[PDB]
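In the form deposited in one PDB entry, a lone chain appears below as structure tokens.
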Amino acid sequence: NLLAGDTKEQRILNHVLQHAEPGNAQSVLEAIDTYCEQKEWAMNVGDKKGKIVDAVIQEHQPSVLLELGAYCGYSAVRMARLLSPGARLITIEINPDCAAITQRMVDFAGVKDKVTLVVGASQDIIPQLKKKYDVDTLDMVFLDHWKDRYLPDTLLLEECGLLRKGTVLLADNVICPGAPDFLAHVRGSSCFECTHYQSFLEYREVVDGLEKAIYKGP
């Protein structure tokens, strides 16, 4: 059943419930992309940057993924749809209302079984990932939360022993608005090997970009 439609997020979800095929992840993604292109802008990674996220996953084939910043569940659906049987996505969202919409988005898209949604701040949840969430290390991290948190969380992930030789970090919005402290760290450190992907801001013609940084080991 539908939500009131009071917030943009409830309206994006209602649109999906009314205008997309249940259990069809592609259909769900197209509906969110269409709604935000035509009706109301929203901070989903979008279809053009979404294709870059697709290719990174398809190249490195992660089994254990971490996403920081869920929102309405667009990238969770996008990433989870490409995962092998037994692969897990952990997605961390601070806002309980978004987390509610994300769970519903994920259920509807048929990727429920792939996703562990955790309500809370990344800095409180990250130190718990091993003991509470049964994580050894991560194959891949998607960073798409507050941009001033990209660097402290990257270091925290390192300090907590969650990064290994070959962990792929992928960061949205390194051009728009930017995360220059994170970008200097990964590019400047011999612990990371970086690739830059120029693209466009979601639903706009503004230039944006993603950075891929593969961890070398400490």
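The first residue of the shown sequence is 1; numbering continues from there. Take the two forms, find the largest set of C-alpha atoms that superpose within 1.5 Å, and that set is the rigid core. Only residues modelled in both forms are compared.
Not on display, but discussed next: the form deposited in another entry.
In a rigid core superposition between the shown form and the other one, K48 is the single residue of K48, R149, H60, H185 whose Cα is displaced by 2 Å or more. A displacement of less than 2 angstroms separates the C-alpha positions of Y197 between the shown form and the other one, with the rigid core held in common.
Once the rigid core is overlaid between the shown form and the other one, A31 counts among the residues whose Cα shifts by 2 Å or more.
By 3 Å or more, the C-alpha separation between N24 and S75 grows in that other deposited form relative to the form shown here. Note: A109-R204 Cα separation is 3 Å or more shorter in that other deposited form than here. After superposition on the rigid core, the stretches of at least three consecutive residues with Cα shifts of 2 Å or more between the shown form and the other one are 6-48, 203-218.
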